[PDB]
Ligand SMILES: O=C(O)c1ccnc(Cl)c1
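A single chain, nothing else alongside it, follows as structure tokens in the form deposited without 2-chloropyridine-4-carboxylic acid (AO4).
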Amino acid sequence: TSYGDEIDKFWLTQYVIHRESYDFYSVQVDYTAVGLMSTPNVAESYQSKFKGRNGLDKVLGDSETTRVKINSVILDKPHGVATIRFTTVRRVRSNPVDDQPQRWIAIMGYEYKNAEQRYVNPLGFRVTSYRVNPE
């Protein structure tokens, strides 16, 4: 539907933070929220990295982490697309210092449309398209 720019930027940036970060303790909720907030087509594309004994949570486990910081969020409400530019920083538990930051661009399409969704996606936020690219 339509809820306002700042409401859009919250779910959009909260989505990027859920999907582009890695912390073993939070992968459960981070993984779940990405589902409700994604179309099944875009959802399975994300779930591909967690299947089998080679899944990210299985292979990486707790050895490292990756944090996200949002730097800008532009909107296009009539069309339902947004361009988010964020930065990630990786670090393994044994790492001496954090890895050099990496800059990214997220081209996203969103829309609005269960008791578990209460503390995750009450407004029915859903991402229909997603594409991350470097800078």
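One rule holds for the numbers: they count along the sequence shown, beginning at 1.
One more form of this protein should be noted, the form deposited with 2-chloropyridine-4-carboxylic acid (AO4) bound, which is absent from this view; the next part is about it.
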* To do: Determine the site state, open or blocked: transfer 2-chloropyridine-4-carboxylic acid (AO4) from its pose in the deposited complex by superposing the nearby C-alphas, then count ligand atoms within 2.4 Å of any backbone or C-beta atom, with 3 or more meaning blocked.
  => open
* **Any non-hydrogen atom of residue 112 within 4.5 angstroms of 2-chloropyridine-4-carboxylic acid (AO4) in the deposited complex** => no
* Asked: Contact between residue 56 and 2-chloropyridine-4-carboxylic acid (AO4) in the deposited complex at 4.5 Å, heavy atoms?
  -> yes
* Does residue 79 reach 2-chloropyridine-4-carboxylic acid (AO4) in the deposited complex if we count a contact as any heavy atom within 4.5 Å? -> no
* Asked: With a 4.5 Å heavy atom cut-off, would you call residue 19 a contact of 2-chloropyridine-4-carboxylic acid (AO4) in the deposited complex?
  -> yes
* Asked: Taking 46, 49 and 66 together, does each of them reach 2-chloropyridine-4-carboxylic acid (AO4) in the deposited complex with some heavy atom inside 4.5 Å?
  -> yes
